Amino acid sequence: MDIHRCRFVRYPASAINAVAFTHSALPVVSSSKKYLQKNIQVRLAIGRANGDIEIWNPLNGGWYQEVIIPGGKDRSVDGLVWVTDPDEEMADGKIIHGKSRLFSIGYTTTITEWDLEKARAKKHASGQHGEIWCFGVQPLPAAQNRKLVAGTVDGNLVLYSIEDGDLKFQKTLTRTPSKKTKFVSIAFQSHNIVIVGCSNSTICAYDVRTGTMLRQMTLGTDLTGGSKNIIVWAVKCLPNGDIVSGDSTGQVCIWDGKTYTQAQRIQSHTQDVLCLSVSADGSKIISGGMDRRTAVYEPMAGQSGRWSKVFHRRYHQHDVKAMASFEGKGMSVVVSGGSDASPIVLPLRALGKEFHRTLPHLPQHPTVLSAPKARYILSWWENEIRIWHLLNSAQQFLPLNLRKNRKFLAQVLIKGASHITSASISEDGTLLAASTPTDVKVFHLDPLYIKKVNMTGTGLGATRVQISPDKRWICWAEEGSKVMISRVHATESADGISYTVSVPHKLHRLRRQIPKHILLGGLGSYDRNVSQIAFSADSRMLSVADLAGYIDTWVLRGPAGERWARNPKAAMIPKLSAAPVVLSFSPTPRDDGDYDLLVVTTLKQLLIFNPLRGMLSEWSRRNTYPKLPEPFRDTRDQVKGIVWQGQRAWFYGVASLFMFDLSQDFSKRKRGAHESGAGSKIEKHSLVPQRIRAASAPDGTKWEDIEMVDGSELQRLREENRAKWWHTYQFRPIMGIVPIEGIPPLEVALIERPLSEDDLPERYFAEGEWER
Amino acid sequence: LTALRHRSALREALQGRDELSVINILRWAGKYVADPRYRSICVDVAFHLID
Amino acid sequence: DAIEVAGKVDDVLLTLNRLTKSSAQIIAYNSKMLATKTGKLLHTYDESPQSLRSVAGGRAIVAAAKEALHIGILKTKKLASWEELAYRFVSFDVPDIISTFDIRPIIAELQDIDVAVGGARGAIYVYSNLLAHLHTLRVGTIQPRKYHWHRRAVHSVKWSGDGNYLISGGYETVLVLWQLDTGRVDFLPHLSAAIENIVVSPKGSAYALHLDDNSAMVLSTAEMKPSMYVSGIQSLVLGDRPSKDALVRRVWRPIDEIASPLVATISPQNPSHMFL
Amino acid sequence: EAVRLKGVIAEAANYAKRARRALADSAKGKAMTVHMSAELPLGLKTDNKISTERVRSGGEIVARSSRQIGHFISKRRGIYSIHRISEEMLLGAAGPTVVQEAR
Amino acid sequence: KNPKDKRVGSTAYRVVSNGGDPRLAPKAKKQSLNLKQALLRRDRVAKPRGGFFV
RNA sequence: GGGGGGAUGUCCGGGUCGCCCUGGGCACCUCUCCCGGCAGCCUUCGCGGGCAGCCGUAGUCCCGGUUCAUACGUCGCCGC
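Chains as they are written, first to last, in full-length UniProt numbering: chain Z, 1 to 141, 148 to 404, 410 to 458, 467 to 578, 610 to 717, 733 to 775, 797 to 808, 824 to 843, 855 to 884; chain C, 457 to 507; chain E, 193 to 299, 307 to 335, 341 to 480; chain V, 828 to 930; chain U, 308 to 361.
Shown next as structure tokens:
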């Protein structure tokens with residue numbers, strides 16, 4: 001396997017501005033009550049500065065990025081709030097969980113509600129006021151009548167109503183006397199008391215029902231530099247009533263809950279504290295500032311209401327603009343996103359006892375596609391598609412010619428304001444198709468010269484697009500969940516080839532058996548939208564796969611009498627244990643006319659399907675999940691994609707690279738250890754003591770150890807039915838591995865993206881706080 | 457510059473520059489190698505800038 | 193220590209004697225027990241032991257290994273007879289190589312202790328409450349508060365009087381004061397030499413510093429001027445206790461050596477003075 | 828004349844010695860930046876191998892983690908390079924062949 | 308964008324314009340986005356950006 | 001770095017011509033002991049000594065790819 005490393009693809013990093021979990025905390029249940037909280041959909045939403053709202057799944061420590069919904073040009077996302085109803089109960093004792101709706105602001109006067117089922121924005125609401133800078137959903141004490155409270159630039163606390171699928175500007179509670187008071191952060195102490203921070207050195211405490219004002223907490227000047235007005239960037243409320251507030255001086259103030267006066271000033275940071283987080287039981291405070299510093303506070307033993315900084319550490323490479331916590335189903339994490347696009351997951355209850363985990367800033371979809379017969383590599387971001395041609399092999403080069416080797420060939424700009432959700436290219440590179448959430452555009456290429472093939476019948480956008488290897492079928496995923504397909508007719512002439520794309524012929528997906536309370540509760544019909552669309556190597560068979568684990572396949576029935615029919619064996623293809631992270635057919639054909647559909651899920655479940663037979667292959671009867679190698683079972687990185695060889699399949703995650711010889715069979734991280742949702746247990750350097758020993762027998766020969774705590799019959803048949826695997830970690834920030842031509857030999861383009869200070873924005877320093 | 461030779465930090469003082477300020481320190485070094493009253497310090501600064 | 197044997201409080205001595213090179217044992221003596229030179233053995237611990245301190249009374253004693261720390265509470269209350277002088281010991285590993293420690297008692308009983316361990320990497324770890332964490341097999345998660353300002357090893361850490369402030373001193377010639385009620389820190393920065401030892405007065409007023417250039421200054425608080433200054437000969441010494449920042453393999457490891465003779469003249473016109 | 832030739836010839840000899848070291852290590856496969864052609868580069872600078880030790884605060888010396896060594900090697904790659912993996916590497920014996928773009 | 312209005316001198320005839328934002332997202336106000344930055348960099352200056360470059 | 005060996009790839013006299021070898025050039029893997037450093041555990045008050053040692057190189061599950069900087073007491077104008 002020959003590899004072209006490629007760092008010239010300048011993929012843009014974007015600053016994370018808003019991190020918001022679905023549930024802030026789940027109720028603790030036992031192991032005999034483990035089946036109650038199995039269908040609870042906990043999702044993490046992260047909104048970046050380019051308007052990308054992208055849902056994560058914690059996956060009990062898996063952290064799989066599911067959906068990315070991009071906003072347009074000149075569109076950002078500043079705040080994110082989930083609104084989760086309480087648990088409704090049916091007539092029979094079954095549980096309908098809370099429907100969770102996602103709301104956002106975009107530095108405008110408009111609160112947007114997002115439709116995660118259709119993967120676009122659902123509603124907009126706006127009143128006559130200034131730009132909204134902070135907002136939150138009123139907590140539960148009413149039941150069906152919950153309301154959003156939003157602060158803004160010119161002062162007026164507007165109040166929006168959300169009930170029965172509605173989002174409308176209800177009224178305005180109050181506004182400040184001074185027009186120069188800007189509302190920058192908001193947090194609710196109880197059902198009726200809203201604590202807002204302002205720009206004129208105040209923390210006001212309004213009362214939502216009558217709209218009145220309980221008390222105006224104040225803070226002094228900043229005596230570190232100029233600019234006398236302190237700015238309270240983040241307020242939050244402890245469960246016992248106190249208010250924690252990080253401000254412009256880098257302080258963290260603890261305000262009394264009954265009297266609304268301050269009880270403590272903790273000088274923690276050098277530059278200003280930008281975001282706070284409070285543990286669900288009220289035991290830990292995490293503060294993230296502009297000095298890329300994260301500080302952890304626990305209460306001082308003895309006196310009550312007195313906090314103190316346990317320890318601080320610089321986890322990020324730029325400022326920590328947003329963070330949010332979660333504590334439930336055996337997982338207490340706090341996810342902090344900053345301006346270096348890397349969400350960092352810290353363990354909350356084991357903080358100082360387990361390592362953190364930096365999730366990848368590159369998207370989960372590889373976003374790198376190649377026409378290997380034309381040797382075109384291709385990548386897309388905000389509205390442009392960049393296509394490189396490579397002009398030569400690798401065997402030729404075995410350094411003055413390596414600069415001339417690559418060539419920045421084409422840059423296709425998409426009209427409008429929408430953003431390229433996905434793309435695909437034919438194997439000879441003459442057909443390109445790019446999907447926005449408004450339109451699906453198709454371009455024809457001539458070795467360049469680019470023309471736009473007129474699409475008809477579409478106009479509602481899509482999220483995934485695939486083009487057949489014989490360049491006859493164009494299959495997309497309209498509105499996430501509705502898979503459509505269209506024949507393209509290629510008519511040669513005296514000038515060349517030209518393409519006419521037919522009217523999209525929608526193919527229907529199988530009605531799966533899902534109970535009514537599961538379909539009502541949770542996020543709804545969110546996990547129906549198809550994540551992968553995979554054709555076979557000869558395009559006689561389609562398959563799609565969604566986030567719920569469902570794989571639906573289709574066959575081609577020919578005579610233009612070619613038409614797609616559902617596989618009779620489609621219902622035998624089961625729901626996977628998790629979402630399929632990769633799914634593609636084997637390009638090497640079989641001997642029975644059948645295909646070999648390789649699927650890897652997010653739980654490292656490598657398996658291969660015979661879909662026309664409707665069953666697993668005999669190789670995957672033999673090699674189960676406990677037979678996979680340990681450096682593939684313990685990776686903690688989601689397998690971003692595969693590239694094929696003859697008998698070998700090469701896998702690539704974000705950091706790892708694997709090959710498995712799929713012909714042969716197979717024969733450090735702890736497996737029995739139960740940790741939190743971020744990293745393994747620490748080993749060498751920790752604040753927390755590891756070996757605590759007690760001593761009876763004063764001669765000291767007798768010590769103790771004080772722990773610190775708060797198919798055996800199947801395999802006979804499967805072996806009566808009767824290595825080469827390799828891994829590396831030396832290609833660290835892989836955004837995409839794509840094959841090129843020009855056990856067979858294969859060239860490949862590995863495209864990395866290491867983040868530099870030239871990519872991240874400019875750090876800002878006054879006279880006093882310069883770094884070392 | 458004598459204080460930055462005595463405190464071991466002249467390499468640290470010169471190592472973080474950009475193009476225009478390297479040209480500025482080179483211009484000072486060229487202008488002031490001529491005086492033998494600080495020829496030693498000026499030549500040392502020019503050593504570190506060449507390296 | 194001054195402990196109560198029957199009803200007569202008297203001195204008990206707690207020695208730390210080696211038995212091998214990296215092991216040692218702590219052994220208690222009365223005066224009449226020292227006269228017969230038999231001692232009540234209390235603990236033998238086996239990781240290069242440094243030092244031993246105890247709280248007021250004789251209730252809790254704190255022994256220090258290189259990486260570990262051994263807290264010991266006396267088993268019975270009121271100490272009826274001498275033969276039942278037994279200490280229950282719990283050992284736990286401090287994250288850095290222990291240079292010093294100061295214990296303050298939280299009180307006429309002994310409710311708790313607060314340990315400040317100044318480690319050789321520069322940090323000061325404050326373990327807030329220990330007897331209520333190791334009094335209770342199973343213990344809860346204990347986690348020290350880290351205070352890192354010194355670059356080299358911190359030579360002396362002491363609590364100050366009421367317990368609001370944590371005063372400290374290292375190689376950087378600066379007496380530092382951790383405010384510890386806020387997050388702030390205030391310091392007396394430019395002394396002559398390294399702050400090698402500090403003590404606090406019986407009242408809260410005075411500090412007394414043993415500065416590394418053979419000196420002692422009794423400072424008064426918030427006047428911060430030396431109300432008593434005593435200086436010695438300050439020449440080159442082959443030290444007995446070697447160094448507090450020669451433990452962690454720095455770039456230049458400090459060696460006790462004399463390379464050249466001391467440069468000194470007795471001065472005529474005043475032969476009692478010696479310039480050196 | 829001997830002074831001028833002394834300076835020029837001593838600098839070229841020292842560069843040739845250190846470049847011989849770096850080319851021997853790059854033939855081993857430690858993947859450093861070496862000059863290809865037969866003229867002298869502008870800055871007579873060779874990339875040394877990464878030391879096994881790290882200087883922590885305040886002045887102490889600890890062992891370099893192989894993780895940090897890999898980070899610095901990822902810095903030491905260029906923007907385009909051909910990194911051929913052999914079947915002997917997939918068996919586990921030999922090392923790769925790297926040819927990188929001349930910066 | 309929007310066609311600019313045409314004034315006869317007394318009245319102003321203008322095309323209505325809401326065709327910019329169908330279902331996608333509302334476009335961020337650049338005056339408000341630069342205000343929140345100006346509260347973040349009050350008097351402080353940037354460090355020099357890159358390496359050796361004009 | 002040397003002293004040395006087993007094995008990789010190679011041209012010039014070459015050999016019945018093949019296993020390669022001797023003569024010259026050699027680059028690498030492995031073994032071996034001395035060189036420079038680092039730790040442990042016994043001995044002695046220390047000085048030193050003894051025992052079985054690892055490192056002198058390469059890319060990681062996550063991850064130390066971190067932690068670390070020196071005060072107040074009072075400011076302004078003009079003169080020698």
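In this text, a Cβ means the ideal position worked out from N, Cα and C, and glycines have one as well.
Could you tell me whether any Cβ in chain U is nearer than 9 angstroms to the Cβ of residue i?
i: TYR107 (chain Z); result: yes
i: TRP394 (chain Z); result: no
i: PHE877 (chain Z); result: yes
Consider the Cβ of residue i: report whether some Cβ of chain Z lies at a distance smaller than 9 angstroms.
i: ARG330 (chain U); result: yes
i: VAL830 (chain V); result: no
i: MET859 (chain V); result: no
i: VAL352 (chain U); result: yes
Check each candidate in the options and name the one with the smallest Cα separation from residue i.
i: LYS334 (chain U); options: Z:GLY106, Z:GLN195, Z:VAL28, Z:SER342; result: Z:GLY106
i: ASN660 (chain Z); options: Z:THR441, Z:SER555, Z:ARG101; result: Z:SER555
i: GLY127 (chain Z); options: Z:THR158, Z:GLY880, Z:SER345, Z:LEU526; result: Z:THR158
i: residue 306 (chain E); options: V:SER864, V:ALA890, V:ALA837; result: The model contains no atoms for residue 306 (chain E), which sits in the stretch where chain E goes from 299 to 307 directly.
i: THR879 (chain V); options: V:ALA854, V:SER892, V:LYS844; result: V:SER892
i: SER223 (chain E); options: E:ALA256, E:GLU308, E:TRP274, E:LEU370; result: E:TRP274
i: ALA421 (chain Z); options: Z:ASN398, Z:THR432, Z:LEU456; result: Z:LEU456
Using a Cβ-Cβ cut-off of 9 angstroms, state whether residue i counts as contacting chain C.
i: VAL361 (chain U); result: yes
Give the interface partners of residue i over in chain Z, defined as CB-CB distance under 8 angstroms, in chain order.
i: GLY357 (chain U); result: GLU869, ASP870
i: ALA929 (chain V); result: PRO410, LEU411, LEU413, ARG414
i: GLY897 (chain V); result: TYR830, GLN831, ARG833
Show which residues of chain E have a CB atom less than 7 angstroms away from the CB atom of residue i.
i: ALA307 (chain Z); result: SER327, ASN328
i: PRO754 (chain Z); result: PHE284, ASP285, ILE346
Under 9 angstroms Cβ-Cβ, which residues of chain V neighbour residue i?
i: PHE8 (chain Z); result: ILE906, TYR907
For residue i, return the contacting residues in chain U, with the cut-off set at a CB-CB distance below 7 angstroms.
i: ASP500 (chain C); result: What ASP500 (chain C) touches in chain U: nothing, since even the nearest Cβ is about 22 angstroms away.
i: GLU475 (chain C); result: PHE359, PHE360, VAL361
i: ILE237 (chain Z); result: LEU346
With respect to the alpha helix (DSSP H) encompassing residue i, which residues constitute its N-terminal and C-terminal limits?
i: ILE497 (chain C); result: 495-506
i: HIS898 (chain V); result: 893-903
i: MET225 (chain E); result: 223-228
Please list, in chain order, the chain Z residues whose beta carbon lies closer than 7 angstroms to that of residue i.
i: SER339 (chain U); result: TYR107, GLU131, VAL159
i: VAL343 (chain E); result: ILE757, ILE771, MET773
i: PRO297 (chain E); result: Those within 7 angstroms of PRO297 (chain E) in chain Z number zero; the least Cβ separation is about 13 angstroms.
For the beta strand (DSSP E) holding residue i, just list the boundary residues, first then last.
i: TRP669 (chain Z); result: Looking at the DSSP string, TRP669 (chain Z) is not in any beta strand (DSSP E); the run it does join, the alpha helix (DSSP H), is 668-672.
i: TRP353 (chain E); result: No beta strand (DSSP E) contains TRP353 (chain E), which DSSP labels as neither H nor E.
Is there a C-beta anywhere in chain E that falls below 9 angstroms from the one on residue i?
i: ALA269 (chain Z); result: no
Any beta carbon from chain V within less than 9 angstroms of residue i's own beta carbon?
i: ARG349 (chain E); result: no
Name the chain U residues that come within less than 8 angstroms of residue i, Cβ to Cβ?
i: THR112 (chain Z); result: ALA332, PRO333
Practice task
For the region 870-893 of chain V, enumerate the residues whose C-beta is nearer than 9 angstroms to any C-beta of chain E, in chain order.
Solution key: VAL882, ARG883, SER884, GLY885, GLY886, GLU887, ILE888, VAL889
Exercise for the section: Name, going along the chain, the residues of the region 226-241 of chain E whose beta-carbon falls closer than 8 angstroms to a beta-carbon of chain Z. Expected result: Taking 8 angstroms as the Cβ-Cβ cut-off against chain Z, the residues of the region 226-241 of chain E that qualify are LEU233, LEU234, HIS235, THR236, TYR237, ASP238.
Exercise for the section: Quick one: which residues of the region 434-458 of chain E get their C-beta closer than 9 angstroms to a C-beta of chain V? List them in chain order. Expected result: Here the close residues are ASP449, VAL452, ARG453, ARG454, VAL455, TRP456.
Handout entry: Positions along the region 429-451 of chain Z whose CB lies within less than 8 angstroms of some CB in chain U
Key = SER429, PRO448, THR449
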